[PDB]
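Read through the structure below, which is laid out as structure tokens, and then see the notes.
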Amino acid sequence: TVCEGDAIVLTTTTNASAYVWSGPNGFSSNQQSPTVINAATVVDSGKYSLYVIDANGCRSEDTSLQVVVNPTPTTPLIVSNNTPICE
Amino acid sequence: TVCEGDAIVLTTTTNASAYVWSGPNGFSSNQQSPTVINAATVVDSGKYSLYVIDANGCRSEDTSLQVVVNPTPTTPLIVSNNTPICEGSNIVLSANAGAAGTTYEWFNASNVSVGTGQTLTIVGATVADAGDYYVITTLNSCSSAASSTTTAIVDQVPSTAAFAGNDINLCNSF
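In order, the protein sequences belong to chains E and V. Residues in the first sequence are numbered consecutively from 7, following my numbering. Residues in the second sequence are numbered consecutively from 2, following my numbering.
So, in structure tokens, the structure goes:
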């Protein structure tokens, strides 16, 4: 779970002959450590998945990670300004 | 259905050996979750389709999604500016007519609503009603950029009384 504008990092720790990653915004990678989304936005929310190809070419089961990106609040306005006052 | 400038997200939920997506602006993808159109425009309107290739290479039937992008209204103009008024008078500002169905909302200098319609009337206006006004044009849940800012002028009745000097009395002079 990250705030909008922060980075989304999805990497794995196991060894593989190949990795296969897939996600919500067309995210795709084949490396132990995929390119990081440096300034994530709300479209990056969702389910990401990864399965590992071993040394002899076999494909283990699908696992997953859920990513949540919290939207930036809007810029506030100061509306009331009871400013012209005496000490 | 989205407003122009918003994002179009077309993803599926089923598993596949491959996906095939196609759409109106040359849109194409083979992933469960295609790259999102982050700021869609009117050319993105239309019929999008997707069919799924299974594990053994067979192709299921075509299904579809209709996407509608509502255009941004034009930036409104303030045309009439009955602004040079004395306190107690009404301020009358009026926006140019837009597309049929256009909703007009007026905003104060402080960015708060002051009323709706092509013509904004502030009745019994006072000095606090003087200053910046702008117009927002709304259509089909889309809103355009604010109009050029105009200003109301509310004059105060001054406290100074008229006063002439004393009488002039002349001998043989015009």
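The beta-carbon is built from N, C-alpha and C at its ideal position, and this holds for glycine as well.
So is residue 31 of chain E in contact with chain V if we call contact Cβ pairs under 8 angstroms?
Residue mapping note: residue 31 of chain E aligns to position 25 of the first sequence, counting from 1. It does: the Cβ of residue 31 of chain E has a partner Cβ on chain V nearer than 8 angstroms.
Could you name the residues of the region 91-124 of chain V whose beta carbon sits closer than 8 angstroms to any beta carbon of chain E, in the order they occur along the chain?
Answer set for the region 91-124 of chain V: 111, 112 and 113.
For the region 19-45 of chain V, which residues have a beta carbon sitting closer than 9 angstroms to at least one beta carbon of chain E?
For the region 19-45 of chain V, which is checked against every Cβ of chain E, the residues closer than 9 angstroms are 30, 32, 33, 34, 35, 36, 37 and 39.
Relative to the alpha-carbon of residue 14 of chain E, which residue among E/60, E/21, E/41 and E/36 has its alpha-carbon at the smallest distance?
Sequence index remark: in the first sequence, residue 14 of chain E carries index 8 (1-based). With distances taken between Cα atoms, residue 14 of chain E lies closest to E/41.
In this structure, how does DSSP classify residue 49 of chain E when only helix, strand and coil are distinguished?
Here residue 49 of chain E refers to the residue found at position 43 when the first sequence is read from its first residue. If DSSP states are grouped into helix, strand and coil, residue 49 of chain E belongs with the helices.
Name the chain E residues whose beta carbon is nearer than 9 angstroms to that of residue 147 of chain V?
As a working note, residue 147 of chain V is residue 146 in the second sequence. Here the premise fails: no neighbours, minimum Cβ distance about 14 angstroms.
Let's see if you can read the secondary structure: which residues bound the beta strand (DSSP E) around residue 67 of chain V?
Walking along the second sequence from the start, residue 67 of chain V turns up at place 66. Note, residue 67 of chain V: beta strand (DSSP E), 64-68.
How many Å lie between residue 28 of chain E and residue 43 of chain V at the Cα?
As a working note, residue 28 of chain E is residue 22 in the first sequence. As a working note, residue 43 of chain V is residue 42 in the second sequence. Approximately 29 angstroms, taken between the alpha carbons.
Between which two residues does the beta strand (DSSP E) holding residue 147 of chain V run?
Your numbering for residue 147 of chain V matches position 146 in the second sequence. Per DSSP, residue 147 of chain V belongs to no beta strand (DSSP E) and is neither H nor E.
Please tell me whether residue 162 of chain V and residue 136 of chain V are closer than 8 angstroms, where the distance is taken between their beta carbons.
Within the second sequence, numbered from 1, the residue matching residue 162 of chain V stands at position 161. Within the second sequence, numbered from 1, the residue matching residue 136 of chain V stands at position 135. No, they are not a contact pair.
Counting contacts by CB-CB distance shorter than 8 angstroms, is residue 85 of chain E in contact with chain V?
Translated into positions along the first sequence, residue 85 of chain E becomes position 79. Yes, residue 85 of chain E lies at the interface with chain V (some Cβ there is under 8 angstroms from its Cβ).
Am I right that residue 126 of chain V and residue 155 of chain V are in contact with their C-beta atoms under 8 angstroms? What's the rounded C-beta distance?
Working through the second sequence from its first residue, we reach residue 126 of chain V at position 125. Working through the second sequence from its first residue, we reach residue 155 of chain V at position 154. Confirmed, Cβ separation roughly 5 angstroms.
I'd like to know whether the C-beta atoms of residue 144 of chain V and residue 74 of chain V end up nearer to each other than 8 angstroms.
For the purposes of this step, residue 144 of chain V is taken as residue 143 along the second sequence, with counting starting at 1. For the purposes of this step, residue 74 of chain V is taken as residue 73 along the second sequence, with counting starting at 1. Yes, these two residues count as a Cβ contact at 8 angstroms.
Please decide whether residue 151 of chain V counts as near chain E, where near means a Cβ-Cβ distance under 8 angstroms.
Translated into the one-based positions of the second sequence, residue 151 of chain V becomes position 150. No, its Cβ sits nowhere closer than 8 angstroms to a Cβ of chain E.
Whose CA, out of V/31, V/47 and V/70, lies closest to the CA of residue 40 of chain V?
Numbered from its first residue, the second sequence carries residue 40 of chain V at position 39. For the residues V/31, V/47 and V/70, the minimum Cα distance to residue 40 of chain V belongs to V/70.
Please confirm if residue 8 of chain V has its CB atom under 8 angstroms from at least one CB of chain E.
As a working note, residue 8 of chain V is residue 7 in the second sequence. Taking Cβ atoms only, chain E reaches closer than 8 angstroms to residue 8 of chain V, which makes this a yes.
With a CB to CB cut of under 7 angstroms and the five nearest residues on each side skipped, what residues in its chain are close to residue 45 of chain V?
Locating residue 45 of chain V in the second sequence gives position 44, where the first residue counts as 1. Only 9, 25, 26, 38, 68 and 70 meet the Cβ criterion.
Between residue 64 of chain V and chain E, is any beta-carbon pair separated by less than 8 angstroms?
Stepping through the second sequence from its first residue, residue 64 of chain V is reached at position 63. Cβ-Cβ to chain E under 8 angstroms: no for residue 64 of chain V.
Which same chain residues, not among the five before or five after residue 85 of chain V, have their C-beta less than 8 angstroms away from its C-beta?
To locate residue 85 of chain V, count along the second sequence from 1; it is residue 84. So the list reads 154 and 156, once near-sequence residues are dropped.
Determine, using beta carbons only, whether residue 13 of chain V comes closer than 8 angstroms to chain E.
As a working note, residue 13 of chain V is residue 12 in the second sequence. With 8 angstroms as the cut-off, residue 13 of chain V does not count as an interface residue toward chain E.
By the 10 Å Cβ neighbour count, where 16 or more other Cβ atoms means buried, how is residue 65 of chain V classified, buried or exposed?
Within the second sequence, numbered from 1, the residue matching residue 65 of chain V stands at position 64. The residue in question, residue 65 of chain V, is exposed, as its Cβ has fewer than 16 Cβ neighbours within 10 Å.
Compute the Euclidean distance between the alpha carbons of residue 78 of chain V and residue 82 of chain E, then round it to the nearest angstrom.
Here residue 78 of chain V refers to the residue found at position 77 when the second sequence is read from its first residue. Here residue 82 of chain E refers to the residue found at position 76 when the first sequence is read from its first residue. Going by the C-alpha atoms only, they are around 26 angstroms apart.
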